[PDB]
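Numbering (the working numbering), first residue to last: 745 to 1350.
In this text, a Cβ means the ideal position worked out from N, Cα and C, and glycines have one as well.
The block underneath contains the structure these notes are about, expressed in structure tokens.
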Amino acid sequence: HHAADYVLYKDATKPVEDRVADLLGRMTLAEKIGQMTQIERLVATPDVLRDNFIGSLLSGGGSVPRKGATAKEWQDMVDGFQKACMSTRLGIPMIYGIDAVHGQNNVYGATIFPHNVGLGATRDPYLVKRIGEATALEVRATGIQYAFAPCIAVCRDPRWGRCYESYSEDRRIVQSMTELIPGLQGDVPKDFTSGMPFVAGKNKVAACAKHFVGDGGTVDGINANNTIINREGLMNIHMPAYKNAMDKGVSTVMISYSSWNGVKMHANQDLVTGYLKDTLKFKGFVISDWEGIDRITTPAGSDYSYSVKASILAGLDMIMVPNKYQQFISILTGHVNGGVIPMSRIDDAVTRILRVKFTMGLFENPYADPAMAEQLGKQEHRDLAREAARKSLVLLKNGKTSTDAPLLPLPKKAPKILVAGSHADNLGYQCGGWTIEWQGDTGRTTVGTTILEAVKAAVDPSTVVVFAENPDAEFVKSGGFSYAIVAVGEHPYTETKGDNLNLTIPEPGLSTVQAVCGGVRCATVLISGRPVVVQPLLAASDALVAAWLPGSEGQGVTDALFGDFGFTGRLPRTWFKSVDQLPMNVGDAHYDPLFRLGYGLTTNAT
Ligand SMILES: *[C@@H]1O[C@H](CO)[C@@H](O)[C@H](O)[C@H]1NC(C)=O
Ligand SMILES: *[C@@H]1O[C@H](CO)[C@@H](O)[C@H](O)[C@H]1NC(C)=O
Ligand SMILES: *[C@@H]1O[C@H](CO)[C@@H](O)[C@H](O)[C@H]1NC(C)=O
Ligand SMILES: OC[C@H]1O[C@@H](O)[C@H](F)[C@@H](O)[C@@H]1O
């Protein structure tokens, strides 16, 4: 279809499948394995991208061009890498991925949304769609086309360090929140065939259902460990949301570090090829996790040859190396040249990768749009995160006896109030992990509103707001306070660092609650990624709110404290009485919760 130097794969009017086949039929082995290789920006250069025909780049947690970088600095970095890839013989654009898992969260000034557990408390899949939408805009603001989200793990033990990344211990809630997918990628058209990848265009991003499969089912919640459960329970608990994801066109699927009955997911052909691809009819690409093929062996990385063989034969398409690309490429080349991995396997991987790239428009818009930069941190997105933060809150107690005046909602006018605790004025703590750094961080790490700031923005001008982080009991009794808001809880964590067998909050936490509440009527705001031992905090407190990890918009918290909106959130997980009970889920026989799944007190707006 027309000029003398026409190449069908470069013709935007042709069907994706015809373009895929046209390009694939031209490619060398090197160009093919290149597509299959994803590297960290930290190791990427223009020569490395060109010479190794690299298919993808990522930023892992905290992998940024510099601290504080602007949206434009990110666009320019990504476009630099693209320009190198576009200069190869075939000019195949790279796809750049990132963990945008509660907003565009590695980026300074990005809207930071509540983490997933809190979103589950909302029971509002439309709200989660809208968060998808806004996250896609903020990702494309930085020139990035691919988000490693949603995590559709079904966390079955809150001792897991990634429990906050699971919407619920109930798979039906997880299923309902796969609406993140069409928010990120766009709605699929009415005809659509379940399992096909989809992205609407340059203002949307490819998504990633992760981590396949049973990541939330591991023994004692140990991260990346073994999930022991028969097929029927794998398929009833851990798998269903993957089928919802196929029905909504999710473009990619990332594999878990975890094992199922002792078989590493990254080496599981039966599940990745037999089930995901051949039964669910998934046609997008399957990506490993970070050195996930290295971790097939024990010790990790002790037979990289076998890691390559086992993963690629299992059905993985794209490998998140992410650093030792030269070794990956050489090993896989040798396996193909030796007949150990057939060309049909390579060609299937490359067909899928290319399918997603063409489908999403990447050959038509390889470069960033500078007019999108101003989407970062936009107020309309902050307003959405604020609504989500408010909706996520679960009111656990609102009075010590059933005859007390309900403490919440608090009045905005009072002569003097106290805001206290390690989490009252600490933006990093209220965002949790995967915020600016991989592990998150402490303090004013990004743009946002702390609980303290939100208080001061909410109250009547005559109300004097005193902050003390850790006041003693005399300070409070002498202070002339009408009431106090005290916020305490978990520190940021991510992945295996967050695995915790005791689930007791760090001190001082309880001691400040006790000191404050012993002097004046108090509302305690508990910031956590999961249920934690709570009976001592409850016994001290007039009211207590589970606020989860509500993100940058701390005014969502005070919107409910001061009665601008009623409390509506409901527990999306079981609250245990003791960690010796665990695992314990809505359903077992020994089901003896402190608060059952679905519990939450309400208030009315004033
Ligand atoms: C689970 O963790 C244990 C104890 O740390 C370790 O020895 C074992 O290899 C892990 N198993 C898997 C399958 O990851
Ligand atoms: C419980 O576990 C955590 C994290 O693994 C540890 O840091 C903490 O000190 C423990 N708490 C107690 C009271 O032993
Ligand atoms: C809130 O409004 C509901 C719905 O009408 C009402 O029945 C409930 O008891 C109210 N509670 C308070 C404290 O106003
Ligand atoms: O374990 C080290 C690395 O692990 C990944 O899961 C993160 F995304 C990285 O940025 C991090 O530094």
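Cβ-based neighbour list, residue i, same chain, cut-off 6 Å, excluding 5 preceding and 5 following
i     : result
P902  : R1274, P1275
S1226 : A1158, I1161
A1284 : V1257, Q1258, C1261
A1304 : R1134, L1137, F1311
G945  : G1105
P869  : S920, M921, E923
Under the three-state DSSP convention, the category residue i falls into
i     : result
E1297 : strand
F1219 : helix
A1164 : strand
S800  : strand
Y1048 : helix
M838  : coil
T1302 : helix
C899  : coil
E1181 : strand
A854  : coil
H1079 : helix
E784  : strand
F1107 : coil
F936  : coil
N970  : strand
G862  : helix
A1259 : helix
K754  : helix
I1073 : helix
Whole-angstrom C-beta distance between residue j and residue i, which should lie under 8 Å
i            : j     : result
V1016        : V1030 : 6 Å
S1296        : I856  : 4 Å
residue 1379 : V1301 : Residue 1379 lies beyond the range of the chain shown here (745 to 1350); nothing can be said about it.
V1230        : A1164 : 5 Å
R1099        : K1027 : 6 Å
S938         : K1025 : 7 Å
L1152        : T1347 : 6 Å
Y908         : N860  : 6 Å
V1232        : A1267 : With a Cβ gap of about 12 Å, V1232 and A1267 do not count as contacting.
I798         : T772  : The pair is not a contact, with the Cβ atoms about 14 Å apart (cut-off 8 Å).
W1034        : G804  : 6 Å
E882         : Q848  : 4 Å
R785         : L834  : With a Cβ gap of about 22 Å, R785 and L834 do not count as contacting.
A1168        : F1211 : 7 Å
Test item: CB-CB of residue i and residue j under 8 Å
i     : j     : result
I1180 : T1189 : yes
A951  : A891  : yes
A815  : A885  : yes
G1242 : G1177 : yes
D1061 : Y1048 : no
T1103 : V760  : yes
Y852  : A880  : no
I783  : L767  : no
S1051 : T1041 : yes
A1349 : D1324 : no
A1058 : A1093 : no
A1291 : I1271 : yes
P1250 : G862  : no
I1056 : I1085 : yes
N796  : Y1001 : no
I981  : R1089 : no
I917  : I888  : no
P1110 : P837  : yes
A1112 : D823  : yes
Residues near residue i in its chain [Cβ-Cβ closer than 7 Å; skip 5 each side]
i     : result
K992  : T922, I925, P926, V932
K1157 : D1204, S1206, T1207
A953  : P894, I896, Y986, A989, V994, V997
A747  : none
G1263 : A1217, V1220, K1221
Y1237 : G905, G1177, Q1183
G1313 : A865, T866, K1135, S1136, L1137, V1138, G1344
Minimum Cβ-Cβ distance from residue i to chain C less than 8 Å
i     : result
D1216 : Judged by its chain identifiers, the structure shown contains no chain C, having just a single protein chain.
Neighbourhood of residue i by C-beta, 8 Å cutoff - its chain only, sequence neighbours within 5 removed
i     : result
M1328 : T1318, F1320, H1334, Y1335, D1336, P1337
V963  : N969, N970, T971, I972
Check: residue i C-beta below 7 Å from any heavy atom of ligand 6
i     : result
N1142 : For the structure depicted, ligand 6 is absent and the ligand set comprises only ligand 1, ligand 2, ligand 3 and ligand 4.
With distances taken from each beta carbon to the nearest heavy atom of ligand 4, which residues come in below 5 Å, in chain order?
-> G804, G805, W1034, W1182
*Would you list the residues whose beta-carbon is nearer than 5 Å to any heavy atom of ligand 1, in the order they occur in the chain?*
This criterion selects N969, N970, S1003.
Contact shell at 6 Å, judged by CB to any heavy atom of ligand 2, ordered along the chain: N1244, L1245, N1246, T1248
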